There are 2 protein chains.
Amino acid sequence: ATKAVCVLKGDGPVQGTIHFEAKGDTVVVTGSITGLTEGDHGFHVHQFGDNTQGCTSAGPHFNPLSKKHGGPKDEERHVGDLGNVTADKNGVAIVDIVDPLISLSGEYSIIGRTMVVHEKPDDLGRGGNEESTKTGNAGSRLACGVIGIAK
Amino acid sequence: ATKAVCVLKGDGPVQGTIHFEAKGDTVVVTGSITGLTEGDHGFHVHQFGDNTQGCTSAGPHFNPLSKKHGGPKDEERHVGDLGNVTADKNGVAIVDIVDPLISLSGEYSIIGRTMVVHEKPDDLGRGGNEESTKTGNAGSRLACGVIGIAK
Ligand SMILES: [Ca+2]
Ligand SMILES: [Ca+2]
Ligand SMILES: [Cu+2]
Ligand SMILES: [Cu+2]
Ligand SMILES: [Zn+2]
Ligand SMILES: [Zn+2]
(Lines give C-alpha, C1' and ligand atoms only; values in the text may rest on other atoms or scores of the structure.)
(Ligands and ions follow the chains in the order given, each with its own letter.)
Protein backbone atom coordinates (compact mmCIF):
# COMPACT_ATOMS: atom_id res chain seq x y z
CA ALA A 1 0.00 0.00 0.00
CA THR A 2 0.90 3.58 -0.78
CA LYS A 3 -2.04 5.51 0.78
CA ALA A 4 -3.47 5.05 4.26
CA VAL A 5 -6.11 6.88 6.31
CA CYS A 6 -6.94 7.11 9.97
CA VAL A 7 -10.18 8.38 11.57
CA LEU A 8 -9.44 9.54 15.13
CA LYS A 9 -12.25 9.25 17.64
CA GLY A 10 -12.33 9.14 21.39
CA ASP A 11 -14.58 9.23 24.40
CA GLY A 12 -14.61 13.05 24.21
CA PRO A 13 -14.69 15.83 21.68
CA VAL A 14 -11.40 15.17 19.87
CA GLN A 15 -12.06 14.00 16.30
CA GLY A 16 -9.87 14.06 13.13
CA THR A 17 -8.91 12.37 9.86
CA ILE A 18 -5.23 11.77 9.02
CA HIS A 19 -4.06 10.78 5.51
CA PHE A 20 -0.74 9.01 4.89
CA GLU A 21 0.97 8.81 1.51
CA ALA A 22 4.22 7.05 0.61
CA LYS A 23 6.50 9.54 -1.27
CA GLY A 24 9.84 7.94 -2.08
CA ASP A 25 11.35 6.98 1.27
CA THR A 26 9.19 9.26 3.35
CA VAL A 27 5.58 9.08 4.31
CA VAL A 28 3.71 12.32 4.16
CA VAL A 29 1.12 12.63 6.99
CA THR A 30 -1.63 15.26 6.42
CA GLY A 31 -5.10 15.93 7.91
CA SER A 32 -6.59 17.99 10.72
CA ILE A 33 -7.71 17.19 14.29
CA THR A 34 -10.30 19.39 16.04
CA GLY A 35 -11.70 19.84 19.57
CA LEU A 36 -8.20 20.04 20.97
CA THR A 37 -7.34 22.47 23.77
CA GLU A 38 -4.98 25.00 22.07
CA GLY A 39 -1.29 24.06 22.35
CA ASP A 40 0.89 21.03 21.61
CA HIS A 41 -0.33 17.46 21.67
CA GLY A 42 1.63 14.20 21.59
CA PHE A 43 0.99 12.48 18.21
CA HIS A 44 2.21 8.88 17.96
CA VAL A 45 1.73 5.52 16.20
CA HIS A 46 1.04 3.02 18.96
CA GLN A 47 1.89 -0.65 18.39
CA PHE A 48 -1.52 -2.39 18.18
CA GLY A 49 -4.58 -1.56 16.08
CA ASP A 50 -6.66 -2.97 18.91
CA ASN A 51 -9.54 -0.69 19.86
CA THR A 52 -11.39 -3.19 22.02
CA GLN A 53 -10.59 -1.11 25.21
CA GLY A 54 -10.71 2.25 23.49
CA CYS A 55 -7.17 3.79 23.03
CA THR A 56 -5.70 1.88 26.01
CA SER A 57 -5.48 -1.43 24.10
CA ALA A 58 -3.33 0.26 21.42
CA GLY A 59 -0.30 -0.54 23.69
CA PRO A 60 2.93 1.49 23.72
CA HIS A 61 4.57 3.51 20.97
CA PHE A 62 5.43 1.46 17.89
CA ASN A 63 9.14 0.74 18.64
CA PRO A 64 10.40 -2.12 16.52
CA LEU A 65 14.05 -1.11 17.11
CA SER A 66 13.61 -0.87 20.89
CA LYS A 67 14.94 2.68 21.18
CA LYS A 68 14.08 5.33 23.73
CA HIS A 69 11.29 7.82 23.15
CA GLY A 70 12.48 10.79 21.13
CA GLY A 71 11.16 13.40 18.73
CA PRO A 72 10.91 12.94 14.97
CA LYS A 73 14.18 14.61 14.09
CA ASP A 74 16.11 12.46 16.59
CA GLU A 75 17.86 9.15 15.58
CA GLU A 76 17.13 7.43 18.85
CA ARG A 77 13.32 7.54 18.79
CA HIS A 78 10.55 5.07 18.54
CA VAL A 79 9.34 4.49 14.90
CA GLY A 80 6.00 5.86 16.11
CA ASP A 81 7.38 9.13 17.58
CA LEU A 82 5.91 11.78 15.30
CA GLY A 83 6.29 14.40 18.01
CA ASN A 84 3.55 16.99 18.45
CA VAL A 85 0.63 18.57 16.78
CA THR A 86 -0.51 22.08 17.74
CA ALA A 87 -4.07 23.11 18.33
CA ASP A 88 -4.76 26.75 17.61
CA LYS A 89 -7.11 28.83 19.85
CA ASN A 90 -10.12 27.12 18.20
CA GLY A 91 -8.73 23.67 19.00
CA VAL A 92 -7.77 22.91 15.47
CA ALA A 93 -4.57 21.10 14.74
CA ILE A 94 -3.57 20.94 11.10
CA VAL A 95 -1.23 18.01 10.48
CA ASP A 96 1.58 18.09 7.92
CA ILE A 97 4.59 15.95 8.84
CA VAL A 98 7.01 14.13 6.48
CA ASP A 99 8.61 11.13 8.18
CA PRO A 100 11.33 8.91 6.85
CA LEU A 101 10.96 6.21 9.50
CA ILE A 102 7.26 5.27 9.56
CA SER A 103 6.24 3.24 6.53
CA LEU A 104 3.19 1.99 4.64
CA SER A 105 4.77 -1.42 3.93
CA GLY A 106 7.45 -3.79 5.09
CA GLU A 107 8.59 -4.19 8.69
CA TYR A 108 7.97 -0.66 9.91
CA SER A 109 4.57 -0.80 8.28
CA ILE A 110 2.12 1.16 10.40
CA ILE A 111 -0.98 -0.22 8.48
CA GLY A 112 -3.14 -1.92 11.07
CA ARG A 113 -1.66 -0.03 13.99
CA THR A 114 -3.14 2.95 15.88
CA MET A 115 -2.59 6.73 15.53
CA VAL A 116 -3.05 8.36 19.02
CA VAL A 117 -3.34 12.11 19.79
CA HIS A 118 -2.57 12.94 23.40
CA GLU A 119 -3.73 15.21 26.17
CA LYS A 120 -0.42 16.97 26.90
CA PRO A 121 2.53 17.81 24.62
CA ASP A 122 5.23 15.28 24.05
CA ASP A 123 8.32 16.40 26.00
CA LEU A 124 10.36 14.62 23.30
CA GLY A 125 12.32 12.55 25.78
CA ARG A 126 13.99 15.67 27.16
CA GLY A 127 11.89 15.89 30.37
CA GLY A 128 14.39 14.60 32.93
CA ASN A 129 12.06 12.00 34.42
CA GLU A 130 11.99 8.37 33.43
CA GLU A 131 8.45 8.71 31.97
CA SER A 132 9.81 11.21 29.51
CA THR A 133 12.02 8.58 27.91
CA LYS A 134 9.12 6.14 27.59
CA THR A 135 6.18 8.28 26.47
CA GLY A 136 7.43 11.86 26.51
CA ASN A 137 4.90 12.57 29.23
CA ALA A 138 2.06 13.12 26.62
CA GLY A 139 -0.50 11.87 29.10
CA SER A 140 -3.90 10.41 28.30
CA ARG A 141 -5.04 9.38 24.81
CA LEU A 142 -7.81 11.68 23.67
CA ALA A 143 -8.65 10.09 20.35
CA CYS A 144 -7.25 7.24 18.26
CA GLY A 145 -8.04 5.17 15.20
CA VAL A 146 -6.71 2.14 13.36
CA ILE A 147 -4.67 3.03 10.22
CA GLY A 148 -6.22 1.40 7.15
CA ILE A 149 -5.35 1.08 3.51
CA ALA A 150 -6.89 3.89 1.44
CA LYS A 151 -7.70 4.07 -2.25
CA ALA B 1 1.17 -10.33 12.38
CA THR B 2 -0.34 -13.59 13.62
CA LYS B 3 -3.29 -11.98 15.42
CA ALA B 4 -5.69 -9.26 14.31
CA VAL B 5 -8.86 -7.75 15.71
CA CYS B 6 -11.70 -5.62 14.43
CA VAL B 7 -14.29 -3.60 16.40
CA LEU B 8 -17.47 -3.32 14.38
CA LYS B 9 -19.49 -0.18 14.85
CA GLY B 10 -22.15 1.48 12.74
CA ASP B 11 -24.91 4.08 12.96
CA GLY B 12 -27.31 1.62 14.56
CA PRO B 13 -27.18 -0.86 17.35
CA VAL B 14 -25.05 -3.40 15.58
CA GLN B 15 -21.77 -3.98 17.19
CA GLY B 16 -19.19 -6.67 17.75
CA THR B 17 -15.61 -7.73 18.05
CA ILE B 18 -13.96 -10.07 15.56
CA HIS B 19 -10.59 -11.76 16.24
CA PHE B 20 -8.39 -13.29 13.59
CA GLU B 21 -5.57 -15.71 14.29
CA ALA B 22 -3.12 -17.33 11.90
CA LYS B 23 -3.13 -20.99 13.07
CA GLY B 24 -1.03 -23.21 10.85
CA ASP B 25 -1.36 -22.09 7.28
CA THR B 26 -4.93 -20.91 7.81
CA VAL B 27 -6.77 -17.98 9.45
CA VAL B 28 -9.43 -18.58 12.15
CA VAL B 29 -12.05 -15.89 12.55
CA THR B 30 -13.94 -15.77 15.82
CA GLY B 31 -16.06 -13.27 17.71
CA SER B 32 -19.68 -12.28 18.16
CA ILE B 33 -21.89 -9.55 16.78
CA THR B 34 -24.99 -8.24 18.58
CA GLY B 35 -27.88 -5.97 17.69
CA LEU B 36 -28.70 -7.90 14.50
CA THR B 37 -32.11 -8.93 13.15
CA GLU B 38 -32.60 -12.71 13.39
CA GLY B 39 -31.26 -14.66 10.42
CA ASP B 40 -28.37 -14.46 7.98
CA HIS B 41 -26.24 -11.40 7.30
CA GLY B 42 -23.55 -11.06 4.67
CA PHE B 43 -20.06 -10.79 6.24
CA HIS B 44 -17.23 -9.67 4.08
CA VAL B 45 -13.80 -8.13 4.01
CA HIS B 46 -13.97 -4.89 1.95
CA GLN B 47 -10.97 -3.54 0.20
CA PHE B 48 -10.22 -0.28 2.01
CA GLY B 49 -9.79 0.40 5.71
CA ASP B 50 -11.27 3.88 5.04
CA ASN B 51 -13.96 4.76 7.54
CA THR B 52 -14.03 8.44 6.51
CA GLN B 53 -17.57 8.09 5.07
CA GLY B 54 -18.72 5.44 7.54
CA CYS B 55 -18.72 1.93 6.03
CA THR B 56 -19.32 3.37 2.56
CA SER B 57 -15.74 4.30 2.00
CA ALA B 58 -14.66 0.67 2.60
CA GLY B 59 -15.06 0.12 -1.19
CA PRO B 60 -16.03 -3.20 -2.79
CA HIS B 61 -15.14 -6.76 -1.61
CA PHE B 62 -11.41 -7.37 -1.32
CA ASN B 63 -10.75 -9.14 -4.62
CA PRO B 64 -7.09 -9.36 -5.58
CA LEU B 65 -7.70 -12.25 -8.05
CA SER B 66 -10.51 -10.38 -9.83
CA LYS B 67 -13.14 -13.00 -9.58
CA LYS B 68 -16.93 -12.68 -9.21
CA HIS B 69 -18.70 -12.87 -5.87
CA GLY B 70 -19.30 -16.34 -4.40
CA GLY B 71 -19.70 -18.13 -1.09
CA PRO B 72 -16.63 -19.05 0.99
CA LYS B 73 -16.61 -22.64 -0.28
CA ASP B 74 -16.67 -21.68 -3.93
CA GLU B 75 -13.67 -21.59 -6.14
CA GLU B 76 -15.01 -18.48 -7.93
CA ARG B 77 -15.26 -16.02 -5.03
CA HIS B 78 -13.65 -12.85 -3.88
CA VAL B 79 -10.95 -13.15 -1.22
CA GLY B 80 -13.19 -11.14 1.15
CA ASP B 81 -16.16 -13.43 0.89
CA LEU B 82 -16.82 -14.89 4.20
CA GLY B 83 -20.43 -15.82 3.54
CA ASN B 84 -23.10 -15.20 6.16
CA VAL B 85 -23.05 -14.98 9.92
CA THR B 86 -26.41 -16.02 11.49
CA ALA B 87 -28.05 -14.05 14.31
CA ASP B 88 -30.32 -15.88 16.77
CA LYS B 89 -33.68 -14.61 18.07
CA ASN B 90 -31.88 -12.12 20.34
CA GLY B 91 -29.82 -10.64 17.49
CA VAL B 92 -26.60 -12.41 18.54
CA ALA B 93 -24.34 -14.00 15.89
CA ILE B 94 -21.38 -16.18 16.96
CA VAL B 95 -18.60 -16.08 14.43
CA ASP B 96 -16.47 -19.15 13.86
CA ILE B 97 -14.94 -19.35 10.37
CA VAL B 98 -11.74 -20.94 9.07
CA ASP B 99 -10.82 -19.48 5.67
CA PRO B 100 -8.23 -20.53 3.12
CA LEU B 101 -7.94 -17.32 1.06
CA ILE B 102 -7.56 -14.50 3.61
CA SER B 103 -4.27 -14.06 5.46
CA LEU B 104 -2.64 -11.68 7.98
CA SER B 105 0.39 -10.97 5.82
CA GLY B 106 1.39 -10.74 2.21
CA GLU B 107 -0.80 -10.28 -0.83
CA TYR B 108 -3.97 -11.68 0.69
CA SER B 109 -3.50 -9.73 3.96
CA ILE B 110 -6.66 -8.25 5.37
CA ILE B 111 -4.81 -6.11 7.96
CA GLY B 112 -5.84 -2.56 7.36
CA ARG B 113 -8.94 -3.45 5.45
CA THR B 114 -12.55 -3.33 6.67
CA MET B 115 -14.83 -6.14 7.94
CA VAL B 116 -18.51 -5.36 7.12
CA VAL B 117 -21.69 -7.03 8.48
CA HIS B 118 -24.60 -6.42 6.07
CA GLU B 119 -28.29 -5.96 6.40
CA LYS B 120 -29.41 -8.93 4.29
CA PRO B 121 -28.30 -12.51 3.61
CA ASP B 122 -25.49 -12.87 1.07
CA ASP B 123 -26.94 -15.04 -1.75
CA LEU B 124 -23.47 -16.45 -2.52
CA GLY B 125 -23.41 -15.19 -6.04
CA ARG B 126 -26.32 -17.42 -7.08
CA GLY B 127 -29.20 -14.85 -7.15
CA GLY B 128 -29.19 -14.49 -10.95
CA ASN B 129 -28.87 -10.77 -11.38
CA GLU B 130 -25.67 -8.78 -11.89
CA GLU B 131 -25.67 -7.49 -8.28
CA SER B 132 -25.44 -11.10 -7.04
CA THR B 133 -22.09 -11.43 -8.85
CA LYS B 134 -20.78 -8.30 -7.06
CA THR B 135 -22.17 -8.26 -3.61
CA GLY B 136 -24.39 -11.16 -3.21
CA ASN B 137 -27.43 -8.79 -2.77
CA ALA B 138 -26.29 -8.41 0.89
CA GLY B 139 -27.44 -4.81 0.93
CA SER B 140 -26.44 -2.06 3.24
CA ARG B 141 -23.51 -2.05 5.63
CA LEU B 142 -24.80 -2.22 9.16
CA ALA B 143 -21.49 -2.11 10.98
CA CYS B 144 -17.81 -2.12 10.07
CA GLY B 145 -14.34 -1.66 11.45
CA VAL B 146 -10.69 -1.47 10.33
CA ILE B 147 -8.82 -4.71 10.96
CA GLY B 148 -5.74 -3.94 13.07
CA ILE B 149 -2.81 -5.90 14.55
CA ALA B 150 -3.53 -7.39 17.97
CA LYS B 151 -1.09 -8.55 20.60
CA1 LIG C 1 -2.71 13.11 31.57
CA1 LIG D 1 -30.05 -3.13 2.61
CU1 LIG E 1 1.54 8.26 22.25
CU1 LIG F 1 -19.91 -6.89 1.64
ZN1 LIG G 1 7.75 7.12 21.74
ZN1 LIG H 1 -17.81 -10.65 -2.73
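Ligands are counted one by one from 1 in listed order, and the atoms in each one are counted from 1 as well. Chain naming here is simple, since letters A, B, ... match the order of the sequence lines and numbering starts at 1 in each.
Side-chain rings of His41(B) and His118(B) stay apart, their centers remaining 6.0 Å or farther from each other.
Surrounding NZ of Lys120(B) are at most 12 heavy atoms belonging to other residues, nucleotides or ligands under 6.0 Å away.
Residue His46(B) holds its NE2 atom at 10.0 Å from CD1 of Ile147(B), rounded to the nearest 0.5 Å. The OG1 atom of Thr135(B) lies 6.0 Å from the NE2 atom of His61(B); values are rounded to the nearest 0.5 Å.
Around the Cu ion (ligand 4), the protein contributes the following N, O or S atoms at distances under 2.8 Å: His44(B) ND1, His46(B) NE2, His61(B) NE2, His118(B) NE2. For the Zn ion (ligand 6), protein N/O/S neighbours under 2.8 Å (waters excluded) are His61(B) ND1, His69(B) ND1, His78(B) ND1, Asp81(B) OD1.
Residue pairs meeting the ring-ring contact (aromatic ring centres under 6.0 Å, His included) criterion with at least one partner in residues 91-112 of chain B, sequence neighbours excluded, do not occur; the list is empty.
The closest side-chain donor-acceptor pair between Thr30(A) and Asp96(A), if any, does not fall under 3.5 angstrom. Counted by atom type alone, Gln53(A) and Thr56(A) present one or more donor-acceptor pairs between their side chains at under 3.5 Å.
For the side chain to side chain contact (heavy atoms under 4.5 Å, CB included) test with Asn84(A), the passing option among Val117(A), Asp122(A), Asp123(A) is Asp122(A); the others fail.
Listed by chain and residue number, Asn137(B) satisfy the side chain to side chain donor-acceptor pair (under 3.5 Å) test with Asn129(B) (two or more places apart in sequence, or in another chain).
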